[PDB]
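K.L.:
Provided herewith is a single structure, encoded as structure tokens, for subsequent inquiry.
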Amino acid sequence: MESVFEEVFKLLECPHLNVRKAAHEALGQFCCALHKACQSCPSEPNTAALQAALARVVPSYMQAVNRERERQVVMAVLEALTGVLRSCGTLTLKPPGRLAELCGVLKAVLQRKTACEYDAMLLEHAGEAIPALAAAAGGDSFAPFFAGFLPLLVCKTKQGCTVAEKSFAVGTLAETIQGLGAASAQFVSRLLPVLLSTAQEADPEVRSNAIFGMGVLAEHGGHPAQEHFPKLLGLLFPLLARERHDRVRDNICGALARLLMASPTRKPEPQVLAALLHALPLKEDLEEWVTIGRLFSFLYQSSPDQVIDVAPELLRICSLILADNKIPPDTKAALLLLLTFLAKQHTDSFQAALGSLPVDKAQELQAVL
């Protein structure tokens, strides 16, 4: 299959833009699809083909990022590069120094030090590129290089930058925090100030990504991130009260759920939990239904005697969630788990909890009797 590669490769010297773009993305698609062949028949006379493909396609991507003049070509090269990074994985980072060279390339994007507000979208493609590279390297093998990427992202976050820059910085920082995962425990004392600072910007998206960063940081914060838990609450607890925007509110519920799950000893108290459930149902950012859906399972699994106090709240929420088509079914199931723990154990307290619901909608829930 090296023929198709070597013929679509020389196409990169064409004087036209669309031809170079389509050739780059085509090479990427062939790498990604040739990886999908190494799984059905994992016999290895064609894994050598996959490596013999990435060994020329990936460096062509790096050099293309540095040297190619047209910004759109660099954009599509970063999208396709993120694709090959995500599908294949370690086989991209197999030759020595490959991870370091990729990090250098993305830094070259992040310093405007390339051959080229398209800047927001190019920086965005690098933004997608980074956490995929983290997931490929595996967080542990990526941590020092992330210590490289930290100050460059912190640069685009201070007052004076365009809000597209701020949103890109905090979003990339967050998804990369959950990229490192358990290994992000070492970057708490250096990531936390940035999130605590961008949680106050006058823009909805910047705060919606800041609070989210605080949340995933609290999740994969290993352990030294929970020493800042009374601080994080101190910022989120009042904010949820005053936040007049829907999206930021949704991400605040997700973050509060994440740090509620992140502490299996402290912070199970009913003011935080009650404010969380009271801020429900989610209205605008429906990707966090999975998070609170897991919060329900955590409640039933470890601290179930708390679900008695919030029985009218849980009922008032479950009465609404069932109708929505775009609420994930496993989330509804996670709510019905708690409600079942109320219908048998703590029976009459759940009965009285059914006393505040509209009699019409208090019997749709008893359609599961």
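Quick note on naming: the chains in the structure tokens go A, B, ... in the order shown, residues restart at 1 in each chain, and ligands are numbered from 1 in order of appearance.
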Which residues, written as a ChimeraX atom specification, have at least one atom at most 8 Å from range 86-92 of chain A, with only C-alpha atoms counted and residues fewer than 6 positions away on the same chain left out?
P.N.:
/A:32,35,51,54-55,58,98,132-133,135-137
K.L.:
Write to file, as a JSON list (two decimals), in the first residue's frame, the residues of the selection just made, with N, CA, C and O atoms.
P.N.:
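Written output follows (again_4.json):
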[["chain", "number", "residue", "atom", "x", "y", "z"],
["A", 32, "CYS", "N", -5.53, 6.31, 9.42],
["A", 32, "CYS", "CA", -6.56, 5.95, 10.38],
["A", 32, "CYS", "C", -7.31, 4.70, 9.94],
["A", 32, "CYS", "O", -7.64, 3.84, 10.76],
["A", 35, "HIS", "N", -5.13, 1.61, 10.26],
["A", 35, "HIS", "CA", -5.13, 1.14, 11.64],
["A", 35, "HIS", "C", -6.37, 0.29, 11.92],
["A", 35, "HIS", "O", -6.30, -0.71, 12.65],
["A", 51, "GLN", "N", 3.14, 1.25, 10.57],
["A", 51, "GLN", "CA", 4.30, 2.00, 11.05],
["A", 51, "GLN", "C", 5.06, 2.64, 9.89],
["A", 51, "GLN", "O", 5.46, 3.81, 9.98],
["A", 54, "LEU", "N", 2.96, 5.81, 9.25],
["A", 54, "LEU", "CA", 3.05, 6.91, 10.21],
["A", 54, "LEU", "C", 4.44, 7.52, 10.22],
["A", 54, "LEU", "O", 4.59, 8.72, 10.48],
["A", 55, "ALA", "N", 5.47, 6.71, 9.94],
["A", 55, "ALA", "CA", 6.85, 7.19, 9.98],
["A", 55, "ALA", "C", 7.13, 8.27, 8.95],
["A", 55, "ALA", "O", 8.08, 9.04, 9.11],
["A", 58, "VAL", "N", 3.39, 11.32, 9.76],
["A", 58, "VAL", "CA", 3.43, 12.14, 10.96],
["A", 58, "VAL", "C", 4.53, 13.20, 10.85],
["A", 58, "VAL", "O", 4.25, 14.39, 11.08],
["A", 98, "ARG", "N", 9.71, 11.35, 19.44],
["A", 98, "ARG", "CA", 8.54, 11.77, 18.67],
["A", 98, "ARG", "C", 7.64, 12.67, 19.51],
["A", 98, "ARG", "O", 7.18, 13.71, 19.03],
["A", 132, "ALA", "N", -5.37, 15.15, 23.04],
["A", 132, "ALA", "CA", -5.22, 13.87, 22.36],
["A", 132, "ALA", "C", -3.80, 13.35, 22.48],
["A", 132, "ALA", "O", -3.59, 12.16, 22.72],
["A", 133, "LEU", "N", -2.81, 14.24, 22.34],
["A", 133, "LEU", "CA", -1.43, 13.85, 22.57],
["A", 133, "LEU", "C", -1.20, 13.40, 24.01],
["A", 133, "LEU", "O", -0.42, 12.48, 24.26],
["A", 135, "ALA", "N", -3.50, 11.90, 25.90],
["A", 135, "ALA", "CA", -4.10, 10.58, 26.01],
["A", 135, "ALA", "C", -3.25, 9.52, 25.31],
["A", 135, "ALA", "O", -3.23, 8.36, 25.74],
["A", 136, "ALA", "N", -2.56, 9.90, 24.23],
["A", 136, "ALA", "CA", -1.67, 8.95, 23.57],
["A", 136, "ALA", "C", -0.45, 8.66, 24.43],
["A", 136, "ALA", "O", -0.12, 7.50, 24.67],
["A", 137, "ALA", "N", 0.22, 9.71, 24.91],
["A", 137, "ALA", "CA", 1.39, 9.49, 25.75],
["A", 137, "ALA", "C", 1.03, 8.82, 27.07],
["A", 137, "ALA", "O", 1.82, 8.04, 27.61]]
K.L.:
Please identify all polymer residues within 12 Å of residue 148 in chain A, counting only C-alpha atoms, omitting same-chain residues fewer than 2 positions from it, and present them as a PyMOL selection string.
P.N.:
chain A and resi 100+103-104+106-107+110+130+142-146+150-154+187
K.L.:
If you run DSSP over the backbone, which residues in range 2-222 of chain A end up helix (DSSP H, G or I)? Put them as a PDB file with C-alpha atoms, in the first residue's frame.
P.N.:
ATOM      1  CA  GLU A   2       3.117   2.180   0.005  1.00  0.00           C
ATOM      2  CA  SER A   3       2.324   3.122  -3.609  1.00  0.00           C
ATOM      3  CA  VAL A   4      -0.821   5.122  -2.800  1.00  0.00           C
ATOM      4  CA  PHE A   5       1.109   6.868  -0.029  1.00  0.00           C
ATOM      5  CA  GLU A   6       4.117   7.744  -2.188  1.00  0.00           C
ATOM      6  CA  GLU A   7       1.858   9.080  -4.963  1.00  0.00           C
ATOM      7  CA  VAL A   8      -0.447  11.153  -2.743  1.00  0.00           C
ATOM      8  CA  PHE A   9       2.682  12.404  -0.955  1.00  0.00           C
ATOM      9  CA  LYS A  10       4.277  14.286  -3.856  1.00  0.00           C
ATOM     10  CA  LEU A  11       0.925  16.058  -4.197  1.00  0.00           C
ATOM     11  CA  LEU A  12       2.004  18.282  -1.268  1.00  0.00           C
ATOM     12  CA  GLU A  13       4.269  20.188  -3.699  1.00  0.00           C
ATOM     13  CA  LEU A  17      -4.088  25.254  -1.603  1.00  0.00           C
ATOM     14  CA  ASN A  18      -7.037  22.853  -1.767  1.00  0.00           C
ATOM     15  CA  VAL A  19      -4.876  20.164  -3.370  1.00  0.00           C
ATOM     16  CA  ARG A  20      -2.362  20.243  -0.507  1.00  0.00           C
ATOM     17  CA  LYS A  21      -5.151  20.307   2.085  1.00  0.00           C
ATOM     18  CA  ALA A  22      -7.009  17.364   0.539  1.00  0.00           C
ATOM     19  CA  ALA A  23      -3.743  15.434   0.162  1.00  0.00           C
ATOM     20  CA  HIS A  24      -2.797  15.902   3.822  1.00  0.00           C
ATOM     21  CA  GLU A  25      -6.244  14.931   5.112  1.00  0.00           C
ATOM     22  CA  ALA A  26      -6.320  12.018   2.653  1.00  0.00           C
ATOM     23  CA  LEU A  27      -3.006  10.657   3.955  1.00  0.00           C
ATOM     24  CA  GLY A  28      -4.389  10.964   7.474  1.00  0.00           C
ATOM     25  CA  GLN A  29      -7.593   9.138   6.548  1.00  0.00           C
ATOM     26  CA  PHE A  30      -5.544   6.334   5.030  1.00  0.00           C
ATOM     27  CA  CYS A  31      -3.458   5.992   8.196  1.00  0.00           C
ATOM     28  CA  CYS A  32      -6.558   5.949  10.380  1.00  0.00           C
ATOM     29  CA  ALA A  33      -8.292   3.404   8.138  1.00  0.00           C
ATOM     30  CA  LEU A  34      -5.171   1.248   7.833  1.00  0.00           C
ATOM     31  CA  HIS A  35      -5.132   1.137  11.637  1.00  0.00           C
ATOM     32  CA  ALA A  37      -7.428  -3.012   9.416  1.00  0.00           C
ATOM     33  CA  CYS A  38      -4.847  -4.036  12.049  1.00  0.00           C
ATOM     34  CA  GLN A  39      -7.673  -4.902  14.482  1.00  0.00           C
ATOM     35  CA  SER A  40      -9.867  -7.247  12.416  1.00  0.00           C
ATOM     36  CA  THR A  47       1.284  -3.492  11.174  1.00  0.00           C
ATOM     37  CA  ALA A  48       4.680  -2.901   9.567  1.00  0.00           C
ATOM     38  CA  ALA A  49       2.649  -1.144   6.884  1.00  0.00           C
ATOM     39  CA  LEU A  50       0.957   1.052   9.501  1.00  0.00           C
ATOM     40  CA  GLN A  51       4.300   2.002  11.051  1.00  0.00           C
ATOM     41  CA  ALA A  52       5.843   2.450   7.584  1.00  0.00           C
ATOM     42  CA  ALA A  53       2.950   4.876   6.995  1.00  0.00           C
ATOM     43  CA  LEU A  54       3.049   6.908  10.207  1.00  0.00           C
ATOM     44  CA  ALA A  55       6.851   7.193   9.983  1.00  0.00           C
ATOM     45  CA  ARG A  56       6.432   9.406   6.897  1.00  0.00           C
ATOM     46  CA  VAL A  57       2.954  10.876   7.396  1.00  0.00           C
ATOM     47  CA  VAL A  58       3.432  12.145  10.960  1.00  0.00           C
ATOM     48  CA  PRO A  59       6.771  13.920  10.313  1.00  0.00           C
ATOM     49  CA  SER A  60       5.191  15.369   7.163  1.00  0.00           C
ATOM     50  CA  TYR A  61       2.550  16.741   9.519  1.00  0.00           C
ATOM     51  CA  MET A  62       5.083  18.290  11.912  1.00  0.00           C
ATOM     52  CA  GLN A  63       7.232  19.891   9.219  1.00  0.00           C
ATOM     53  CA  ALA A  64       3.996  20.915   7.490  1.00  0.00           C
ATOM     54  CA  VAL A  65       2.923  22.755  10.645  1.00  0.00           C
ATOM     55  CA  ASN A  66       6.205  24.645  10.872  1.00  0.00           C
ATOM     56  CA  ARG A  67       6.944  25.394   7.203  1.00  0.00           C
ATOM     57  CA  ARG A  71      -3.074  29.070   7.389  1.00  0.00           C
ATOM     58  CA  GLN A  72      -5.953  26.870   6.204  1.00  0.00           C
ATOM     59  CA  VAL A  73      -3.527  24.097   5.254  1.00  0.00           C
ATOM     60  CA  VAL A  74      -1.989  24.254   8.740  1.00  0.00           C
ATOM     61  CA  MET A  75      -5.513  24.124  10.199  1.00  0.00           C
ATOM     62  CA  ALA A  76      -6.478  20.957   8.303  1.00  0.00           C
ATOM     63  CA  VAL A  77      -3.056  19.462   9.057  1.00  0.00           C
ATOM     64  CA  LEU A  78      -3.720  19.971  12.764  1.00  0.00           C
ATOM     65  CA  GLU A  79      -7.226  18.474  12.499  1.00  0.00           C
ATOM     66  CA  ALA A  80      -5.964  15.424  10.592  1.00  0.00           C
ATOM     67  CA  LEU A  81      -2.982  15.231  12.957  1.00  0.00           C
ATOM     68  CA  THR A  82      -5.346  15.125  15.938  1.00  0.00           C
ATOM     69  CA  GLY A  83      -7.291  12.409  14.123  1.00  0.00           C
ATOM     70  CA  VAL A  84      -4.248  10.182  13.614  1.00  0.00           C
ATOM     71  CA  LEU A  85      -3.210  10.896  17.208  1.00  0.00           C
ATOM     72  CA  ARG A  86      -6.611   9.793  18.538  1.00  0.00           C
ATOM     73  CA  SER A  87      -7.191   6.678  16.423  1.00  0.00           C
ATOM     74  CA  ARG A  98       8.543  11.773  18.674  1.00  0.00           C
ATOM     75  CA  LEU A  99       6.570  13.110  21.643  1.00  0.00           C
ATOM     76  CA  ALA A 100       9.138  15.875  22.212  1.00  0.00           C
ATOM     77  CA  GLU A 101       9.066  16.922  18.549  1.00  0.00           C
ATOM     78  CA  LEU A 102       5.258  16.997  18.540  1.00  0.00           C
ATOM     79  CA  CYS A 103       5.311  19.119  21.703  1.00  0.00           C
ATOM     80  CA  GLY A 104       7.751  21.489  20.031  1.00  0.00           C
ATOM     81  CA  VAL A 105       5.506  21.752  16.974  1.00  0.00           C
ATOM     82  CA  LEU A 106       2.424  22.603  19.036  1.00  0.00           C
ATOM     83  CA  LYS A 107       4.469  25.136  21.025  1.00  0.00           C
ATOM     84  CA  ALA A 108       5.525  26.664  17.703  1.00  0.00           C
ATOM     85  CA  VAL A 109       1.817  27.054  16.961  1.00  0.00           C
ATOM     86  CA  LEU A 110       1.226  28.553  20.414  1.00  0.00           C
ATOM     87  CA  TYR A 118      -8.063  32.878  11.713  1.00  0.00           C
ATOM     88  CA  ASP A 119      -5.650  32.852  14.670  1.00  0.00           C
ATOM     89  CA  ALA A 120      -8.461  31.762  17.002  1.00  0.00           C
ATOM     90  CA  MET A 121      -9.300  28.740  14.832  1.00  0.00           C
ATOM     91  CA  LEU A 122      -5.658  27.737  14.303  1.00  0.00           C
ATOM     92  CA  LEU A 123      -5.035  28.012  18.045  1.00  0.00           C
ATOM     93  CA  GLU A 124      -8.237  25.992  18.415  1.00  0.00           C
ATOM     94  CA  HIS A 125      -6.914  23.154  16.241  1.00  0.00           C
ATOM     95  CA  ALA A 126      -3.752  23.072  18.344  1.00  0.00           C
ATOM     96  CA  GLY A 127      -6.135  23.094  21.307  1.00  0.00           C
ATOM     97  CA  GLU A 128      -7.721  19.864  20.132  1.00  0.00           C
ATOM     98  CA  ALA A 129      -4.242  18.556  19.345  1.00  0.00           C
ATOM     99  CA  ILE A 130      -2.838  18.803  22.882  1.00  0.00           C
ATOM    100  CA  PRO A 131      -5.154  16.588  25.013  1.00  0.00           C
ATOM    101  CA  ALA A 132      -5.224  13.873  22.356  1.00  0.00           C
ATOM    102  CA  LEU A 133      -1.425  13.849  22.569  1.00  0.00           C
ATOM    103  CA  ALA A 134      -1.800  13.585  26.348  1.00  0.00           C
ATOM    104  CA  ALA A 135      -4.099  10.576  26.005  1.00  0.00           C
ATOM    105  CA  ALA A 136      -1.673   8.955  23.567  1.00  0.00           C
ATOM    106  CA  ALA A 137       1.395   9.494  25.753  1.00  0.00           C
ATOM    107  CA  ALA A 143       3.436  15.230  32.499  1.00  0.00           C
ATOM    108  CA  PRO A 144       6.807  17.040  32.038  1.00  0.00           C
ATOM    109  CA  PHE A 145       5.847  18.103  28.520  1.00  0.00           C
ATOM    110  CA  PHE A 146       2.574  19.412  29.948  1.00  0.00           C
ATOM    111  CA  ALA A 147       4.712  21.367  32.399  1.00  0.00           C
ATOM    112  CA  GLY A 148       6.077  22.766  29.149  1.00  0.00           C
ATOM    113  CA  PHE A 149       2.621  23.599  27.754  1.00  0.00           C
ATOM    114  CA  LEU A 150       1.427  25.225  30.989  1.00  0.00           C
ATOM    115  CA  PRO A 151       2.903  28.775  30.844  1.00  0.00           C
ATOM    116  CA  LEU A 152       2.093  29.197  27.151  1.00  0.00           C
ATOM    117  CA  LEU A 153      -1.586  28.500  27.837  1.00  0.00           C
ATOM    118  CA  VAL A 154      -1.454  30.681  30.955  1.00  0.00           C
ATOM    119  CA  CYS A 155      -0.203  33.458  28.658  1.00  0.00           C
ATOM    120  CA  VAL A 163     -12.098  36.224  24.931  1.00  0.00           C
ATOM    121  CA  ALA A 164     -11.634  33.588  22.219  1.00  0.00           C
ATOM    122  CA  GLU A 165      -8.077  33.249  23.515  1.00  0.00           C
ATOM    123  CA  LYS A 166      -9.276  32.945  27.116  1.00  0.00           C
ATOM    124  CA  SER A 167     -11.888  30.331  26.198  1.00  0.00           C
ATOM    125  CA  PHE A 168      -9.333  28.322  24.212  1.00  0.00           C
ATOM    126  CA  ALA A 169      -6.831  28.472  27.086  1.00  0.00           C
ATOM    127  CA  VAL A 170      -9.180  27.375  29.872  1.00  0.00           C
ATOM    128  CA  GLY A 171     -10.913  24.765  27.717  1.00  0.00           C
ATOM    129  CA  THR A 172      -7.665  23.189  26.537  1.00  0.00           C
ATOM    130  CA  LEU A 173      -6.316  23.324  30.097  1.00  0.00           C
ATOM    131  CA  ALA A 174      -9.417  21.490  31.351  1.00  0.00           C
ATOM    132  CA  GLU A 175      -9.594  18.709  28.750  1.00  0.00           C
ATOM    133  CA  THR A 176      -5.844  18.256  29.212  1.00  0.00           C
ATOM    134  CA  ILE A 177      -6.352  18.052  32.981  1.00  0.00           C
ATOM    135  CA  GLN A 178      -8.653  15.113  32.371  1.00  0.00           C
ATOM    136  CA  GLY A 179      -6.069  13.999  29.812  1.00  0.00           C
ATOM    137  CA  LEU A 180      -3.320  13.586  32.397  1.00  0.00           C
ATOM    138  CA  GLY A 181      -5.952  12.150  34.701  1.00  0.00           C
ATOM    139  CA  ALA A 182      -4.455  10.666  37.850  1.00  0.00           C
ATOM    140  CA  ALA A 183      -1.095  12.234  36.945  1.00  0.00           C
ATOM    141  CA  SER A 184      -2.595  15.738  37.117  1.00  0.00           C
ATOM    142  CA  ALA A 185      -2.108  15.665  40.912  1.00  0.00           C
ATOM    143  CA  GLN A 186       1.272  17.391  40.551  1.00  0.00           C
ATOM    144  CA  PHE A 187      -0.108  20.440  38.690  1.00  0.00           C
ATOM    145  CA  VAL A 188      -2.725  21.514  41.240  1.00  0.00           C
ATOM    146  CA  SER A 189      -0.683  24.293  42.874  1.00  0.00           C
ATOM    147  CA  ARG A 190      -0.026  25.742  39.387  1.00  0.00           C
ATOM    148  CA  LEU A 191      -3.339  25.166  37.560  1.00  0.00           C
ATOM    149  CA  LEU A 192      -5.701  26.188  40.355  1.00  0.00           C
ATOM    150  CA  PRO A 193      -4.907  29.953  40.417  1.00  0.00           C
ATOM    151  CA  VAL A 194      -5.614  30.243  36.685  1.00  0.00           C
ATOM    152  CA  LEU A 195      -9.038  28.625  37.026  1.00  0.00           C
ATOM    153  CA  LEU A 196      -9.889  30.625  40.156  1.00  0.00           C
ATOM    154  CA  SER A 197      -9.001  33.749  38.175  1.00  0.00           C
ATOM    155  CA  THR A 198     -10.838  32.979  34.925  1.00  0.00           C
ATOM    156  CA  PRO A 204     -20.231  33.174  29.716  1.00  0.00           C
ATOM    157  CA  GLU A 205     -17.963  30.739  27.855  1.00  0.00           C
ATOM    158  CA  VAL A 206     -14.833  31.687  29.817  1.00  0.00           C
ATOM    159  CA  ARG A 207     -16.517  31.012  33.160  1.00  0.00           C
ATOM    160  CA  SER A 208     -18.314  27.932  31.833  1.00  0.00           C
ATOM    161  CA  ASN A 209     -14.906  26.471  30.970  1.00  0.00           C
ATOM    162  CA  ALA A 210     -13.261  27.772  34.150  1.00  0.00           C
ATOM    163  CA  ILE A 211     -15.754  26.161  36.530  1.00  0.00           C
ATOM    164  CA  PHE A 212     -15.562  23.008  34.412  1.00  0.00           C
ATOM    165  CA  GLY A 213     -11.790  23.050  34.827  1.00  0.00           C
ATOM    166  CA  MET A 214     -12.202  23.347  38.584  1.00  0.00           C
ATOM    167  CA  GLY A 215     -14.515  20.342  38.409  1.00  0.00           C
ATOM    168  CA  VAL A 216     -12.392  17.946  36.384  1.00  0.00           C
ATOM    169  CA  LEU A 217      -9.370  19.158  38.352  1.00  0.00           C
ATOM    170  CA  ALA A 218     -11.193  18.255  41.558  1.00  0.00           C
ATOM    171  CA  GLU A 219     -11.949  14.866  40.013  1.00  0.00           C
TER     172      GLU A 219
END
K.L.:
Between A:278, A:36, A:94, A:231, single out the one closest to residue 253 in chain A, counting only C-alpha atoms.
P.N.:
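Smallest distance to residue 253 in chain A is found for A:278.
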K.L.:
When you look at range 236-251 of chain A with a cut-off of 6 Å (counting only C-alpha atoms), what residues show up, excluding the ones that are within fewer than 3 positions of it in the same chain? I need them as a PDB file with C-alpha atoms, in the first residue's frame.
P.N.:
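File produced: out.pdb:
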ATOM      1  CA  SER A 208     -18.314  27.932  31.833  1.00  0.00           C
ATOM      2  CA  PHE A 212     -15.562  23.008  34.412  1.00  0.00           C
ATOM      3  CA  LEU A 233     -16.941  25.424  47.360  1.00  0.00           C
ATOM      4  CA  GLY A 254     -21.320  19.378  37.105  1.00  0.00           C
ATOM      5  CA  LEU A 282     -30.057  21.210  33.600  1.00  0.00           C
ATOM      6  CA  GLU A 284     -28.733  24.451  28.420  1.00  0.00           C
ATOM      7  CA  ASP A 285     -25.544  22.310  28.667  1.00  0.00           C
TER       8      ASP A 285
END
K.L.:
Between A:347, A:200, A:265, A:43, which is the closest to residue 235 in chain A once you count only C-alpha atoms?
P.N.:
A:200
K.L.:
Report, in Å to a single decimal, how far apart CA of residue 336 in chain A and CA of residue 359 in chain A are.
P.N.:
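Going from CA of residue 359 in chain A over to CA of residue 336 in chain A, I get 18.8 Å.
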K.L.:
Which neighbours of residue 116 in chain A fall inside 8 Å, counting only C-alpha atoms, when residues of the same chain fewer than 3 positions from it are skipped, and could you give them as an MDAnalysis selection string?
P.N.:
chainID A and resid 68:71 112:113
K.L.:
Quick one: of A:339, A:321, A:352, A:295, who's nearest to residue 268 in chain A, counting only C-alpha atoms?
P.N.:
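Nearest candidate to residue 268 in chain A out of A:339, A:321, A:352, A:295: A:295.
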K.L.:
Quick one: of A:332, A:258, A:223, A:346, who's nearest to residue 309 in chain A, counting only C-alpha atoms?
P.N.:
A:346
